[PDB]
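Here's the structure, in C-alpha coordinates; my notes come after.
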Ligand SMILES: [Ca+2]
(Lines give C-alpha, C1' and ligand atoms only; values in the text may rest on other atoms or scores of the structure.)
Protein backbone atom coordinates (compact mmCIF):
# COMPACT_ATOMS: atom_id res chain seq x y z
CA UNK A 1 0.00 0.00 0.00
CA UNK A 2 1.48 3.38 -1.09
CA UNK A 3 1.41 6.32 1.39
CA UNK A 4 -0.02 4.29 4.27
CA UNK A 5 1.10 3.36 7.76
CA UNK A 6 2.00 0.23 9.74
CA UNK A 7 -1.33 -1.26 10.93
CA UNK A 8 0.27 -2.92 13.94
CA UNK A 9 0.40 -6.71 14.60
CA UNK A 10 -3.15 -8.12 14.30
CA UNK A 11 -5.04 -4.80 14.36
CA UNK A 12 -6.64 -6.07 11.11
CA UNK A 13 -7.55 -9.64 12.17
CA UNK A 14 -9.72 -10.42 9.12
CA UNK A 15 -6.84 -9.82 6.70
CA UNK A 16 -5.47 -12.95 5.07
CA UNK A 17 -2.40 -13.60 2.86
CA UNK A 18 -2.65 -15.93 -0.13
CA UNK A 19 0.63 -17.79 -0.60
CA UNK A 20 2.01 -19.92 -3.44
CA UNK A 21 5.55 -20.29 -2.08
CA UNK A 22 5.52 -16.57 -1.29
CA UNK A 23 2.82 -13.92 -0.75
CA UNK A 24 1.04 -12.80 -3.94
CA UNK A 25 -2.51 -11.56 -3.16
CA UNK A 26 -4.60 -10.52 -0.16
CA UNK A 27 -7.94 -11.91 1.06
CA UNK A 28 -10.59 -11.32 3.75
CA UNK A 29 -11.96 -13.95 6.14
CA UNK A 30 -15.79 -13.86 6.12
CA UNK A 31 -16.44 -16.95 8.23
CA UNK A 32 -14.31 -19.68 9.87
CA UNK A 33 -14.14 -21.69 6.65
CA UNK A 34 -14.34 -19.12 3.80
CA UNK A 35 -12.11 -16.32 2.48
CA UNK A 36 -13.10 -13.77 -0.16
CA UNK A 37 -10.62 -12.31 -2.63
CA UNK A 38 -10.22 -11.15 -6.26
CA UNK A 39 -11.02 -13.34 -9.24
CA UNK A 40 -7.83 -12.12 -10.96
CA UNK A 41 -5.76 -13.61 -8.11
CA UNK A 42 -6.83 -17.17 -9.02
CA UNK A 43 -4.04 -19.70 -8.82
CA UNK A 44 -4.17 -23.45 -8.10
CA UNK A 45 -2.64 -24.71 -4.86
CA UNK A 46 -3.21 -21.65 -2.69
CA UNK A 47 -2.18 -21.66 0.96
CA UNK A 48 -4.24 -19.16 2.96
CA UNK A 49 -2.31 -17.63 5.88
CA UNK A 50 -4.18 -16.23 8.84
CA UNK A 51 -2.98 -14.14 11.79
CA UNK A 52 0.08 -12.85 9.93
CA UNK A 53 1.73 -9.46 10.52
CA UNK A 54 5.36 -9.98 9.52
CA UNK A 55 4.84 -12.31 6.53
CA UNK A 56 8.57 -13.23 6.36
CA UNK A 57 8.94 -14.38 10.02
CA UNK A 58 7.08 -16.92 12.16
CA UNK A 59 5.78 -14.96 15.16
CA UNK A 60 3.28 -17.51 16.67
CA UNK A 61 -0.47 -16.83 16.05
CA UNK A 62 0.05 -17.73 12.32
CA UNK A 63 -2.37 -20.32 10.90
CA UNK A 64 -1.57 -21.92 7.52
CA UNK A 65 -4.53 -23.69 5.87
CA UNK A 66 -4.81 -24.91 2.29
CA UNK A 67 -7.54 -24.00 -0.15
CA UNK A 68 -9.79 -27.04 -0.62
CA UNK A 69 -11.68 -25.16 -3.33
CA UNK A 70 -11.46 -21.80 -5.05
CA UNK A 71 -14.63 -20.62 -6.77
CA UNK A 72 -14.22 -17.81 -9.29
CA UNK A 73 -17.28 -15.79 -10.30
CA UNK A 74 -18.76 -17.26 -13.45
CA UNK A 75 -19.05 -13.79 -15.03
CA UNK A 76 -15.48 -12.70 -14.29
CA UNK A 77 -14.01 -10.75 -17.19
CA UNK A 78 -10.21 -10.98 -17.21
CA UNK A 79 -9.91 -8.11 -19.65
CA UNK A 80 -12.14 -5.53 -17.84
CA UNK A 81 -11.93 -7.01 -14.30
CA UNK A 82 -15.74 -6.87 -14.04
CA UNK A 83 -16.92 -9.26 -11.29
CA UNK A 84 -13.45 -9.53 -9.83
CA UNK A 85 -14.51 -11.75 -6.94
CA UNK A 86 -13.45 -15.22 -5.81
CA UNK A 87 -14.44 -17.41 -2.85
CA UNK A 88 -11.89 -19.75 -1.27
CA UNK A 89 -12.93 -22.60 1.02
CA UNK A 90 -10.35 -23.62 3.63
CA UNK A 91 -9.51 -27.37 3.94
CA UNK A 92 -10.07 -27.17 7.70
CA UNK A 93 -11.91 -24.52 9.72
CA UNK A 94 -9.80 -21.68 11.11
CA UNK A 95 -9.39 -21.32 14.84
CA UNK A 96 -11.22 -18.05 15.50
CA UNK A 97 -9.87 -15.71 18.20
CA UNK A 98 -8.74 -12.11 18.99
CA UNK A 99 -5.99 -12.16 16.29
CA UNK A 100 -7.89 -14.14 13.62
CA UNK A 101 -11.52 -13.09 13.30
CA UNK A 102 -14.07 -12.72 10.50
CA UNK A 103 -15.50 -9.55 8.99
CA UNK A 104 -19.23 -9.01 8.42
CA UNK A 105 -20.67 -8.83 4.93
CA UNK A 106 -22.52 -5.58 4.14
CA UNK A 107 -26.30 -5.14 4.30
CA UNK A 108 -26.31 -2.09 2.00
CA UNK A 109 -23.83 -0.29 -0.29
CA UNK A 110 -21.69 2.51 1.11
CA UNK A 111 -22.32 6.04 -0.23
CA UNK A 112 -19.62 8.39 -1.57
CA UNK A 113 -17.52 10.11 1.08
CA UNK A 114 -17.66 7.26 3.65
CA UNK A 115 -14.17 6.69 5.12
CA UNK A 116 -12.83 3.12 4.63
CA UNK A 117 -9.77 1.08 5.73
CA UNK A 118 -7.72 -0.61 2.96
CA UNK A 119 -4.87 -2.99 3.86
CA UNK A 120 -2.22 -5.37 2.57
CA UNK A 121 1.36 -6.43 1.99
CA UNK A 122 1.57 -4.93 -1.45
CA UNK A 123 4.05 -2.50 -2.92
CA UNK A 124 4.63 0.75 -1.04
CA UNK A 125 6.21 2.89 -3.82
CA UNK A 126 4.91 4.92 -6.82
CA UNK A 127 8.17 4.09 -8.59
CA UNK A 128 9.80 0.71 -8.09
CA UNK A 129 9.56 -2.25 -5.81
CA UNK A 130 9.43 -2.17 -1.99
CA UNK A 131 7.47 -5.01 -0.42
CA UNK A 132 7.00 -4.60 3.31
CA UNK A 133 7.41 -7.29 5.95
CA UNK A 134 4.54 -5.96 8.10
CA UNK A 135 0.85 -5.31 7.24
CA UNK A 136 0.16 -1.82 5.90
CA UNK A 137 -2.98 0.30 6.25
CA UNK A 138 -4.54 3.24 4.39
CA UNK A 139 -7.63 5.24 5.31
CA UNK A 140 -9.44 6.58 2.27
CA UNK A 141 -12.90 7.72 1.20
CA UNK A 142 -15.17 6.44 -1.55
CA UNK A 143 -15.13 8.89 -4.45
CA UNK A 144 -18.31 9.79 -6.36
CA UNK A 145 -19.05 7.69 -9.43
CA UNK A 146 -18.58 10.79 -11.62
CA UNK A 147 -15.08 11.42 -10.15
CA UNK A 148 -13.96 7.94 -11.16
CA UNK A 149 -14.60 8.19 -14.92
CA UNK A 150 -13.53 11.73 -15.59
CA UNK A 151 -10.35 10.30 -14.18
CA UNK A 152 -10.25 7.05 -16.29
CA UNK A 153 -8.97 5.40 -19.45
CA UNK A 154 -10.31 1.89 -18.62
CA UNK A 155 -13.89 0.54 -18.54
CA UNK A 156 -15.67 1.07 -15.21
CA UNK A 157 -18.83 -0.99 -14.58
CA UNK A 158 -21.57 -0.81 -11.90
CA UNK A 159 -19.82 -3.57 -9.94
CA UNK A 160 -16.90 -1.28 -9.12
CA UNK A 161 -16.55 1.68 -6.84
CA UNK A 162 -13.42 3.73 -6.48
CA UNK A 163 -11.70 5.18 -3.44
CA UNK A 164 -8.63 7.25 -2.66
CA UNK A 165 -7.03 10.57 -3.45
CA UNK A 166 -7.02 12.45 -6.72
CA UNK A 167 -4.01 14.47 -5.56
CA UNK A 168 -2.06 11.14 -5.67
CA UNK A 169 0.42 9.60 -3.22
CA UNK A 170 -2.08 7.47 -1.25
CA UNK A 171 -3.47 4.29 -2.89
CA UNK A 172 -3.40 0.49 -2.84
CA UNK A 173 -1.04 -1.19 -5.31
CA UNK A 174 0.28 -4.48 -6.83
CA UNK A 175 0.19 -7.24 -4.21
CA UNK A 176 -2.71 -5.74 -2.28
CA UNK A 177 -5.15 -7.25 -4.80
CA UNK A 178 -7.92 -9.34 -3.28
CA UNK A 179 -7.50 -7.60 0.05
CA UNK A 180 -10.24 -5.88 2.10
CA UNK A 181 -11.87 -2.49 1.91
CA UNK A 182 -13.75 -2.06 5.21
CA UNK A 183 -16.21 0.80 5.81
CA UNK A 184 -18.16 1.20 9.07
CA UNK A 185 -17.14 -2.30 10.15
CA UNK A 186 -18.34 -3.99 6.95
CA UNK A 187 -16.35 -5.43 4.03
CA UNK A 188 -17.64 -3.24 1.15
CA UNK A 189 -14.88 -3.92 -1.39
CA UNK A 190 -12.06 -6.04 -2.77
CA UNK A 191 -8.81 -4.48 -4.00
CA UNK A 192 -9.18 -4.99 -7.79
CA UNK A 193 -7.29 -2.58 -10.03
CA UNK A 194 -5.92 0.89 -10.75
CA UNK A 195 -4.05 2.75 -13.48
CA UNK A 196 -0.72 2.30 -11.73
CA UNK A 197 -0.58 3.25 -8.05
CA UNK A 198 -0.91 6.55 -6.29
CA UNK A 199 -0.89 8.53 -9.55
CA UNK A 200 -2.34 12.01 -10.00
CA UNK A 201 -6.05 11.71 -10.90
CA UNK A 202 -6.01 7.90 -11.14
CA UNK A 203 -7.65 6.41 -8.02
CA UNK A 204 -8.00 2.76 -7.07
CA UNK A 205 -10.95 0.62 -8.12
CA UNK A 206 -12.59 -2.00 -5.98
CA UNK A 207 -15.06 -4.82 -6.45
CA UNK A 208 -18.40 -3.79 -5.02
CA UNK A 209 -19.18 -6.64 -2.58
CA UNK A 210 -22.63 -5.22 -1.73
CA UNK A 211 -23.72 -6.42 -5.22
CA UNK A 212 -22.47 -9.95 -4.41
CA UNK A 213 -24.00 -10.85 -1.02
CA UNK A 214 -26.68 -13.21 -2.45
CA UNK A 215 -24.09 -14.99 -4.58
CA UNK A 216 -21.68 -15.31 -1.65
CA UNK A 217 -24.32 -16.56 0.79
CA UNK A 218 -25.65 -18.98 -1.76
CA UNK A 219 -22.33 -20.29 -3.01
CA UNK A 220 -21.26 -20.87 0.62
CA UNK A 221 -24.45 -22.78 1.50
CA UNK A 222 -24.24 -25.09 -1.53
CA UNK A 223 -20.51 -25.89 -1.15
CA1 LIG B 1 4.63 -14.42 10.29
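Computed quantities for the displayed model
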| quantity | calculated |
| --- | --- |
| Listing of strands (runs of 3 or more DSSP E) fully contained in region 1-70 that carry 3 or more residues being away from the ligand (no atom under 15 Å from the Cβ) and more than 20 Å from residue 163 (Cβ to Cβ) | 23-31 |
| Every pair of residues 6+ apart whose Cβ atoms lie under 7 Å, when the first sits in region 55-82 and is outside the structural domain of residue 195 (by CATH) and within 20 Å of residue 44 (Cβ to Cβ) while the second is within 16 Å of the ligand (Cβ to nearest atom) and not in a strand (DSSP E or B) | 65/94 |
| Top-ranked residue in region 83-94 [being touching a residue at least 60 places away in the same chain (Cβ under 8 Å) and touching a strand residue (DSSP E or B) at 6+ places or on another chain (Cβ under 8 Å); ranked as surrounded by the most Cβ atoms within 10 Å (Cβ to Cβ)] | 84 |
| Total residues in region 189-223, condition part of a loop (DSSP other than H, G, I, E, B) and out of contact with any strand residue (DSSP E or B) (no Cβ under 8 Å at 6 or more places or on another chain) | 3 |
| Per-region count, region 111-129, residues within 20 Å of residue 15 (Cα to Cα) and in a loop (DSSP other than H, G, I, E, B) | 4 |
| Any hit, region 98-109, residues being within 16 Å of the ligand (Cβ to nearest atom) and over 21 Å from residue 194 (Cα atoms) | yes |
| Filter result for the condition that a residue is surrounded by 17 or more Cβ atoms within 10 Å (Cβ to Cβ) and part of a helix (DSSP H, G or I), over 148, 162, 173 | 148 |
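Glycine gets a Cβ as well: all are built from the backbone with ideal geometry, and neighbour counts include every protein chain shown. All of this is worked out from the model, or read from it or from the source named; no laboratory instrument gave them.
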